[PDB]
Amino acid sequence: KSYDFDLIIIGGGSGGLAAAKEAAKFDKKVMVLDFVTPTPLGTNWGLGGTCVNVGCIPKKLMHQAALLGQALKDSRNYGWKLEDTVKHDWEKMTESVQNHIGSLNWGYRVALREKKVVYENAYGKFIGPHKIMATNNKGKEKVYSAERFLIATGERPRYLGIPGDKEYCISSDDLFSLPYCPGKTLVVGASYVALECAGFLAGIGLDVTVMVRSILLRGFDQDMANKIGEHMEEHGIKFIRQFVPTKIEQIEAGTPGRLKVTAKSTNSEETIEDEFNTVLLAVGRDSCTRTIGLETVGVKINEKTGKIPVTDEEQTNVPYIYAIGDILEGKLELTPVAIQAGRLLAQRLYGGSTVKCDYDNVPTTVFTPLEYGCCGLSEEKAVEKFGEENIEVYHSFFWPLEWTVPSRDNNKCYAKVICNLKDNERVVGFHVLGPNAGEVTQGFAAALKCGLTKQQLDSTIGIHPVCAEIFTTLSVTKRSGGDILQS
């Protein structure tokens, strides 16, 4: 049983690098292949995976650029004397973003080098049992053998079958390196990427429009979703409901060129949406499992949504082949989750541990202009599982102290917690719609890991004055409640 490597990691992303780093602690020959196939417009990036180069990192960063804008406005009533209007510079921003990314790109490379992990910038493709072919960037092929493999190739944006889409639209992959300011833009899609992007685009000052197929943030508590929606609409994001692009043609070429988008809905009507400068097409992602030669090793995969089914230990049907991250069928598409998986995977293989990755109740927060953090079940999802009769939903609005001097957005920040009456009112849902939502939510997610109950929650005391405290005093229930408007 002698191969070139104990473990080959296909994909240098969130999960891939994690597995690598850990695997490395136990003196094992490991190599990670990572390669970034270009977007149709030809955009590329470095080691690090989606989060690092065209996902969370960029997104939060720009999100922050937008927040900072609102901060400039806020500063006036706090005594800072600013100029009625500060202009934004796309160029400069992206530069700083990328600058950082590069630092991360290198960092990782260095990290792998120090941990004695072979890194090869090449496309991995299985060719047969225990054997994989790495295609160089110049086309040079090289074959490698390994006792075990970890498929960590993540996924890429998906386009609409419609004409012109690939040729003149962009996706998140391209957004974060756009060499020019996007200009008036249309964003097609309504889940977190679409909303978040649409959000910060607007926050930085652009004319933004979101075209939704159906409902927003499908998957998440629909009420919270709609609150996010209304807020975006109230802060200059235009929405076109129930429509889907049918064709996108180029009226004029140019950096911010001019595109003509047309769409049809469930209504048979059609609209030639006034042209836009850029069309943000993030509307889904497809797992990169199609062209990595899985047939040659016998790995089974959901042929419809290329996701890979897997044991609770991340093992595929093929004993020596494991997978991690987004690719996983049924799991969540989240960096932390991928890094944990990866991490603990190595721990089990080479570290003799029995801990598996718990994918229940993992926090998450979507960075819309008005952030949204949540952990656990969504209200409707709770009534389904536990029965309307047995759910009690405590909620309230709140007003961040920070917003008063500015005098804005009262009664918008919202918080609710859903409890299971048949279980000590165990809090099985947590939702907050306010500033720093993530920082607020993290803590409570831990609490959910300890079976936090409503009485315990109440028994905790709040930190004042700080947004997260309304959770320490949720007294009004939806079931009866009446007003939770501002006392």
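Residue indices: 1-based, along the sequence shown.
Between the stretches 351-359 and 213-221, it is 351-359 that shows the larger average CA temperature factor. Taking the PDB entry as given, 298-306 carries the higher mean Cα B factor of the two stretches 298-306 and 412-420.
Per the deposited coordinates, the residue with the largest Cα temperature factor out of 184, 73, 395, 140 is 140.
As recorded in the PDB entry, 269 shows the highest C-alpha B-factor of the residues 269, 207, 371, 402. Ranked against the other modelled residues of its chain, the C-alpha B-factor of residue 44 as given in the entry falls in the highest third. Among all modelled residues in its chain, residue 125 ranks in the lowest third by Cα B-factor. Per the deposited record, the Cα B-factor of residue 343 falls in the middle third when ranked against the other modelled residues of its chain.
Among the modelled residues of its chain, residue 325 has a C-alpha B-factor that falls in the middle third, as given in the PDB entry. Sort the modelled residues of the chain by CA B factor and residue 283 lands in the middle third.
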